[PDB]
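A short worksheet on the structure shown next.
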Amino acid sequence: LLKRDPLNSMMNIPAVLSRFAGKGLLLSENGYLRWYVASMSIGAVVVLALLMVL
Amino acid sequence: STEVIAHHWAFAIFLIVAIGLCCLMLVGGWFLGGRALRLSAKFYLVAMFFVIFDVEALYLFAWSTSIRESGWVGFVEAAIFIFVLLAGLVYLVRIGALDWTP
Amino acid sequence: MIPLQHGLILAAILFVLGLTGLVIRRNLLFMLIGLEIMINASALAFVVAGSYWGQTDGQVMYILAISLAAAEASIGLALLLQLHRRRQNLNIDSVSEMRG
Amino acid sequence: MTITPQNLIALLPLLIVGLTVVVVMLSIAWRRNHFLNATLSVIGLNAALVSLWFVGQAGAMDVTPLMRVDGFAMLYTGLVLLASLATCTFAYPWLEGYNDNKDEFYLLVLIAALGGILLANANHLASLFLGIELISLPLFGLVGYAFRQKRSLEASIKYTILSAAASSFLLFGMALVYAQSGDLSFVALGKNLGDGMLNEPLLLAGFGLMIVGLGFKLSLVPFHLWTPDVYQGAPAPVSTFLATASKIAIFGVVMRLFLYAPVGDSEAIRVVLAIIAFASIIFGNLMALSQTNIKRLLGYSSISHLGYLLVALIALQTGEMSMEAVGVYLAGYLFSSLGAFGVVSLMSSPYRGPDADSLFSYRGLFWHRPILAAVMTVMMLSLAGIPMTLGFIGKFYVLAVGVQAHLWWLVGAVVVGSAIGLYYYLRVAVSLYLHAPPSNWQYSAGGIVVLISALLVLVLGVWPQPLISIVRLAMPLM
Amino acid sequence: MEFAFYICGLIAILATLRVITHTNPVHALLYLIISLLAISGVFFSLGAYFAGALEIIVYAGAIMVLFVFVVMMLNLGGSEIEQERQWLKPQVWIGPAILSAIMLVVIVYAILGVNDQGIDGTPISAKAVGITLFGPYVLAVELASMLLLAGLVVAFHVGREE
Ligand SMILES: CCCCCCCCCCCCCCCCCC(=O)OC[C@H](COP(=O)(O)OCCN)OC(=O)CCCCCCCCCCCCCCCCC
Ligand SMILES: CCCCCCCCCCCCCCCCCCCC
């Protein structure tokens, strides 16, 4: 049951999550200028909303 | 006061009468009477040179109305500004950007 | 006689309209037009703020802002001409060769 | 404020760089000579760098309502001038293969250095805005200097559009701040408020829009998406300048803004910058995992390292060694990025035509370019924060500063992002040492520059006391 | 005086809204020039006489001339612009309009919570702008000349023909 070293896999889990999160974040780099402008405006909305909330 | 508001009324009347005059001139013209290559980049270059040197000219417009108040210090600053402007102009002339003939 | 918040609201409206025009238009020319609207709205806001305080710094910031507007318009239109020369179109979705 | 001749002594590097711009432009107008104009540009930059000593003899004071000169200004002027000199040195072998005009590059590098010096000495919103634009527009030219290349034209268009939008955001935010404050000086942003009324909504919104523009310029999340595309598309010396000098000058003026402003210690602004720094660290390390292109990898690296710097900036109002930490980290990151982008620039020089590739191909570099491979692996170890390198000294400073101010989320972010960085930097280094299937003194000068950067990183990693001593010596006006 | 401000501001907003939604570039630029004239009238209603003068001289008389010149040189006779009308589809513009309306709501909420004593509209002449421009703000003048030189060199290098 243990011959595949389960604790080693449990400690390899953060690398799997890091690879999946990096692949998910790389979808924002689609290379479209209009999306970059849109993301800048979205971040402006988020920053201003956070400043008004706090 | 009354003189400034009188001049404002006169200027407003001037603008509206001139605009209405041209508009009704076209209205009467349209209303009366019976009825039956490759664009070179030099034009963009000279237009952009006009834009840039017009902004530098705006700075000199601001300076020119207050020369006495700024003194010789303002004269030195404006001389540096004008020298940079003339160096840019000499550069544009010498690299052939302002030469139209081949 | 004119509230400061009214002039600032006008400038915010024009900035938001310029940003919307910059986002929703695929044509590079209308994106440059929206950029000009945004920077002119910011310059208008500086003029409003300077006229409220009675200071001359607002028109100075206007002058610097329109110097930036002139130079950025010059650079953007040169880039637009180069794109139209070497690709014969101005759709900005096609300029996406670098990604990931 | 008027200008005395001692104020002109404090104005010295700006004057020398401006006179260099004029002289180089007049020399181009005389005759297009690549070697003479490059020599004039580097002579002017060296003259400004050595005139920093005469500025230091003058003392710390204010030359204008706009400019304030002190040790802080001298330090970041020196960093900008070093980055500009390195950019010219890398640009000459790359420009030797450029069949079109070559000297406008040096003219634009000089103007961008002038903008960096203005941002170093800035004490005013007008000077901040003008320095940012004076940096940005020569970068519009330089990013697309090889506009016949498709990727370079793409990167130029993207950077021009996005930086114009960011400048509009910054300008509108400054206008709202000036509407609230009534003075554009850094020390008077929030001075009229008091007794818990610091979180005024218009002031906070203006600072938010300024933060949008600055975080575009600093490649901070979520204004980060341009960085790998622009870094990849730009010419390699342009990538060197854009990674080093622009980020250093803009972060210096942001440090001055958050140090002098009475609203810089606002809790809301601190929390917003903490969120931005956390996301910047994590995202810039996560997106560089699967990067097979060295330019995009270094772009995400820039995102993460600017996030670490932002962590050092958040603890500015609470701690006291934050300015020292930022100076040490900025020197380390300057030398690391100079070495890495210089190796990329040297292996991509000369410019082999607009219709061919501009790729680096880092695999098996040691078996034909061993010294460049050694420099590049030292740079990758330095960017990973590994000890015996100056990047570790910077990371240690950032962690000490964060621990001192109890910024525990940022400390955990630095640890996690450092581990992810370890993965991809080590992958690049072993790819350098795997197996794969010049001849002029300016290429030799570029190699000497990257080698001296590598030696500086190693020596100041095993002995960082001279750097700490010269950074603590650069105190601004308290 | 306030009537001039409100009328010119309304004209500027309406002309800008017509700019960002029009398909013909020439009509869009004409509406943009109208909006710039309206904003200049706003400047003249606030006492910033020099700002309005430069708004017509430079922004409406130099920059829009350059945009018009580029539109002429493109020879837009229906060159993949007029035929699409893709931005009028609600799936394209509804999202960004919602985002920009949220941003406008946040900015206006910030603006409405400021102390307002009103704008007196006292005319700040170009003499005062020239005094403060070549006094305290003169390094800004010299480095703005350098900025314009940078734009000149960049646009010449990019926009040649060869
Ligand atoms: C006792 C638990 C509580 C205390 C914890 C204290 C923290 C320190 C001690 C634990 C550290 C655990 C980190 C485990 C990392 C494993 C990395 C690894 O195995 O990398 C190898 C692997 C490359 O091999 P391969 O899978 O073939 O590649 C695929 C494509 N290259 O690489 C990959 O596939 C991609 C590698 C991505 C980057 C490395 C992973 C980083 C993950 C976050 C690091 C920080 C974790 C903090 C603690 C989390 C909980 C343990
Ligand atoms: C620890 C900081 C960096 C120190 C220097 C890193 C290495 C620099 C280059 C030294 C020479 C390396 C030689 C590698 C030979 C590999 C042979 C492999 C054979 C299978």
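Ordering of the structure tokens sets the chain letters (A, B, ...), residue numbers begin anew at 1 in every chain, and ligands are numbered from 1 in the order given.
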
Inset, instruction - Pull out every residue of chain B that has at least one atom within 12 Å of chain D, counting only C-alpha atoms, and report them as a PyMOL selection string. - result: chain B and resi 70-74+76-77+80-97

Inset, instruction - Identify, on the basis of only C-alpha atoms, every residue whose closest approach to region 367-384 of chain D does not exceed 8 Å; exclude the query and any residue fewer than 6 positions from it along the same chain; express the result as a ChimeraX atom specification. - result: /D:301,333,336-337,339-340,343,390-392,418,421-422,425-426,428-429,432-433,435,447,450-451,454,457-458

For residue 56 (chain C), find every residue with an atom within 7 Å (counting only C-alpha atoms), except residues of its own chain fewer than 5 positions away, and show them as a PDB file with C-alpha atoms, in the first residue's frame.
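The new file result_25.pdb reads:
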ATOM      1  CA  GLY C  50      -6.697  75.336 -10.684  1.00  0.00           C
TER       2      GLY C  50
ATOM      3  CA  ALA E 128       0.132  85.098 -14.792  1.00  0.00           C
ATOM      4  CA  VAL E 129       0.642  81.771 -16.588  1.00  0.00           C
ATOM      5  CA  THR E 132       4.589  81.216 -13.079  1.00  0.00           C
TER       6      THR E 132
END

Inset, instruction - Using DSSP on the backbone coordinates, identify the residues of chain B assigned to helix (DSSP H, G or I); present them as a PyMOL selection string. - result: chain B and resi 3-31+42-64+67-94

Write the selection just made, keeping C-alpha atoms, as a PDB file, in the first residue's frame?
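Generated output (out.pdb):
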ATOM      1  CA  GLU B   3     -19.517  98.588 -20.585  1.00  0.00           C
ATOM      2  CA  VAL B   4     -18.246  95.010 -20.258  1.00  0.00           C
ATOM      3  CA  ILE B   5     -21.734  93.506 -20.484  1.00  0.00           C
ATOM      4  CA  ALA B   6     -22.464  95.815 -23.429  1.00  0.00           C
ATOM      5  CA  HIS B   7     -19.339  94.530 -25.177  1.00  0.00           C
ATOM      6  CA  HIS B   8     -20.361  90.952 -24.338  1.00  0.00           C
ATOM      7  CA  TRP B   9     -23.773  91.574 -25.901  1.00  0.00           C
ATOM      8  CA  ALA B  10     -22.100  93.166 -28.930  1.00  0.00           C
ATOM      9  CA  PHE B  11     -19.729  90.215 -29.360  1.00  0.00           C
ATOM     10  CA  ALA B  12     -22.521  87.657 -28.926  1.00  0.00           C
ATOM     11  CA  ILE B  13     -24.642  89.541 -31.468  1.00  0.00           C
ATOM     12  CA  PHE B  14     -21.619  89.640 -33.806  1.00  0.00           C
ATOM     13  CA  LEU B  15     -21.059  85.880 -33.586  1.00  0.00           C
ATOM     14  CA  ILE B  16     -24.711  84.914 -33.993  1.00  0.00           C
ATOM     15  CA  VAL B  17     -25.338  87.393 -36.829  1.00  0.00           C
ATOM     16  CA  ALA B  18     -22.246  86.240 -38.752  1.00  0.00           C
ATOM     17  CA  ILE B  19     -23.090  82.544 -38.300  1.00  0.00           C
ATOM     18  CA  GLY B  20     -26.734  83.145 -39.197  1.00  0.00           C
ATOM     19  CA  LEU B  21     -25.648  85.185 -42.217  1.00  0.00           C
ATOM     20  CA  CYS B  22     -23.537  82.363 -43.647  1.00  0.00           C
ATOM     21  CA  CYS B  23     -26.180  79.755 -42.764  1.00  0.00           C
ATOM     22  CA  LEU B  24     -29.030  81.674 -44.410  1.00  0.00           C
ATOM     23  CA  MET B  25     -26.740  82.401 -47.360  1.00  0.00           C
ATOM     24  CA  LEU B  26     -26.417  78.652 -47.912  1.00  0.00           C
ATOM     25  CA  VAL B  27     -30.140  78.213 -47.170  1.00  0.00           C
ATOM     26  CA  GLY B  28     -31.070  80.728 -49.865  1.00  0.00           C
ATOM     27  CA  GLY B  29     -28.609  79.168 -52.295  1.00  0.00           C
ATOM     28  CA  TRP B  30     -30.022  75.676 -51.723  1.00  0.00           C
ATOM     29  CA  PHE B  31     -33.617  76.960 -51.611  1.00  0.00           C
ATOM     30  CA  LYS B  42       5.969  63.730 -46.191  1.00  0.00           C
ATOM     31  CA  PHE B  43       2.527  65.249 -45.556  1.00  0.00           C
ATOM     32  CA  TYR B  44       2.267  63.463 -42.212  1.00  0.00           C
ATOM     33  CA  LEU B  45       5.819  64.552 -41.387  1.00  0.00           C
ATOM     34  CA  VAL B  46       5.168  68.237 -42.047  1.00  0.00           C
ATOM     35  CA  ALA B  47       1.844  68.089 -40.167  1.00  0.00           C
ATOM     36  CA  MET B  48       3.555  66.512 -37.145  1.00  0.00           C
ATOM     37  CA  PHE B  49       6.347  69.107 -37.306  1.00  0.00           C
ATOM     38  CA  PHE B  50       3.629  71.761 -37.277  1.00  0.00           C
ATOM     39  CA  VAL B  51       2.046  70.169 -34.190  1.00  0.00           C
ATOM     40  CA  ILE B  52       5.322  69.985 -32.253  1.00  0.00           C
ATOM     41  CA  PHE B  53       6.526  73.469 -33.142  1.00  0.00           C
ATOM     42  CA  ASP B  54       3.060  74.851 -32.396  1.00  0.00           C
ATOM     43  CA  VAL B  55       3.313  73.482 -28.855  1.00  0.00           C
ATOM     44  CA  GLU B  56       6.755  75.090 -28.487  1.00  0.00           C
ATOM     45  CA  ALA B  57       5.205  78.261 -29.916  1.00  0.00           C
ATOM     46  CA  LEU B  58       2.521  78.088 -27.217  1.00  0.00           C
ATOM     47  CA  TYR B  59       5.256  78.116 -24.577  1.00  0.00           C
ATOM     48  CA  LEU B  60       6.762  81.181 -26.237  1.00  0.00           C
ATOM     49  CA  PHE B  61       3.280  82.773 -26.379  1.00  0.00           C
ATOM     50  CA  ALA B  62       3.055  82.392 -22.610  1.00  0.00           C
ATOM     51  CA  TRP B  63       6.523  83.882 -22.149  1.00  0.00           C
ATOM     52  CA  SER B  64       6.061  86.847 -24.490  1.00  0.00           C
ATOM     53  CA  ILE B  67       8.902  89.331 -20.429  1.00  0.00           C
ATOM     54  CA  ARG B  68       9.477  92.300 -18.103  1.00  0.00           C
ATOM     55  CA  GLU B  69       8.108  90.475 -15.061  1.00  0.00           C
ATOM     56  CA  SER B  70      10.426  87.485 -15.505  1.00  0.00           C
ATOM     57  CA  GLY B  71      13.536  89.570 -16.103  1.00  0.00           C
ATOM     58  CA  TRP B  72      16.882  88.416 -17.407  1.00  0.00           C
ATOM     59  CA  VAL B  73      16.433  85.048 -15.674  1.00  0.00           C
ATOM     60  CA  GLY B  74      13.364  84.389 -17.799  1.00  0.00           C
ATOM     61  CA  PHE B  75      15.314  85.618 -20.819  1.00  0.00           C
ATOM     62  CA  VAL B  76      18.054  83.055 -20.172  1.00  0.00           C
ATOM     63  CA  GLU B  77      15.492  80.282 -19.664  1.00  0.00           C
ATOM     64  CA  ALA B  78      13.646  81.209 -22.860  1.00  0.00           C
ATOM     65  CA  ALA B  79      16.955  81.456 -24.725  1.00  0.00           C
ATOM     66  CA  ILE B  80      17.755  77.882 -23.671  1.00  0.00           C
ATOM     67  CA  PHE B  81      14.256  76.833 -24.790  1.00  0.00           C
ATOM     68  CA  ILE B  82      14.634  78.587 -28.158  1.00  0.00           C
ATOM     69  CA  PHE B  83      18.139  77.154 -28.618  1.00  0.00           C
ATOM     70  CA  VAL B  84      16.844  73.609 -28.086  1.00  0.00           C
ATOM     71  CA  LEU B  85      14.006  74.397 -30.509  1.00  0.00           C
ATOM     72  CA  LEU B  86      16.445  75.704 -33.131  1.00  0.00           C
ATOM     73  CA  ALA B  87      18.749  72.712 -32.651  1.00  0.00           C
ATOM     74  CA  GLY B  88      15.782  70.445 -33.341  1.00  0.00           C
ATOM     75  CA  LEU B  89      14.910  72.531 -36.399  1.00  0.00           C
ATOM     76  CA  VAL B  90      18.494  72.360 -37.717  1.00  0.00           C
ATOM     77  CA  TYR B  91      18.448  68.602 -37.115  1.00  0.00           C
ATOM     78  CA  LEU B  92      15.193  68.206 -39.068  1.00  0.00           C
ATOM     79  CA  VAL B  93      16.574  70.315 -41.922  1.00  0.00           C
ATOM     80  CA  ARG B  94      19.877  68.442 -42.061  1.00  0.00           C
TER      81      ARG B  94
END

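Closest approach to chain C among B:101, B:65, B:34, B:41: B:41, based on only C-alpha atoms.
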
Inset, instruction - Fewer than 3 positions away in the same chain doesn't count, so skip those; otherwise give me all residues within 8 Å of region 87-98 of chain E, counting only C-alpha atoms, as a list in words. - result: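 Neighbouring residues, sequence-local ones excluded: residues 38 of chain A; 20, 23, 24 and 25 of chain C; 21, 101 and 102 of chain E.
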
Inset, instruction - Return as an MDAnalysis selection string every polymer residue, whether protein, DNA or RNA, with at least one atom no more than 6 Å from an atom of ligand 1; count only C-alpha atoms and all ligand atoms. - result: (chainID A and resid 11:12 14:15 18:19) or (chainID D and resid 416 419:420 423)

Legend entry - For CA of residue 189 (chain D) and CA of residue 177 (chain D), the interatomic separation in Å (one decimal):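 Between CA of residue 189 (chain D) and CA of residue 177 (chain D) the gap works out to 7.3 Å.
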
Inset, instruction - Skip residue 54 (chain A) itself and residues of its chain fewer than 3 positions away, then list as a PyMOL selection string all residues within 9 Å of it, counting only C-alpha atoms. - result: (chain A and resi 49-51) or (chain D and resi 199+267-269+271)

Those same residues - N, CA and C atoms - I'd like them written as a compact mmCIF listing (two decimals), in the first residue's frame.
# COMPACT_ATOMS: atom_id res chain seq x y z
N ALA A 49 -12.76 50.95 -5.71
CA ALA A 49 -13.78 50.36 -4.85
C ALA A 49 -13.21 49.96 -3.50
N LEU A 50 -11.99 49.41 -3.48
CA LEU A 50 -11.35 49.07 -2.22
C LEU A 50 -11.05 50.31 -1.40
N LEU A 51 -10.62 51.39 -2.05
CA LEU A 51 -10.34 52.62 -1.32
C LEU A 51 -11.61 53.26 -0.77
N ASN D 199 -8.58 60.04 5.51
CA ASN D 199 -9.18 59.19 4.49
C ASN D 199 -10.31 59.92 3.76
N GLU D 267 -4.31 53.96 6.13
CA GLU D 267 -4.53 52.53 6.28
C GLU D 267 -5.10 51.92 5.00
N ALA D 268 -6.01 52.64 4.34
CA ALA D 268 -6.63 52.13 3.12
C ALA D 268 -5.62 52.00 1.99
N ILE D 269 -4.75 53.00 1.83
CA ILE D 269 -3.72 52.94 0.80
C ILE D 269 -2.72 51.84 1.12
N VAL D 271 -3.37 49.03 2.76
CA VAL D 271 -3.99 47.74 2.48
C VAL D 271 -4.08 47.49 0.98
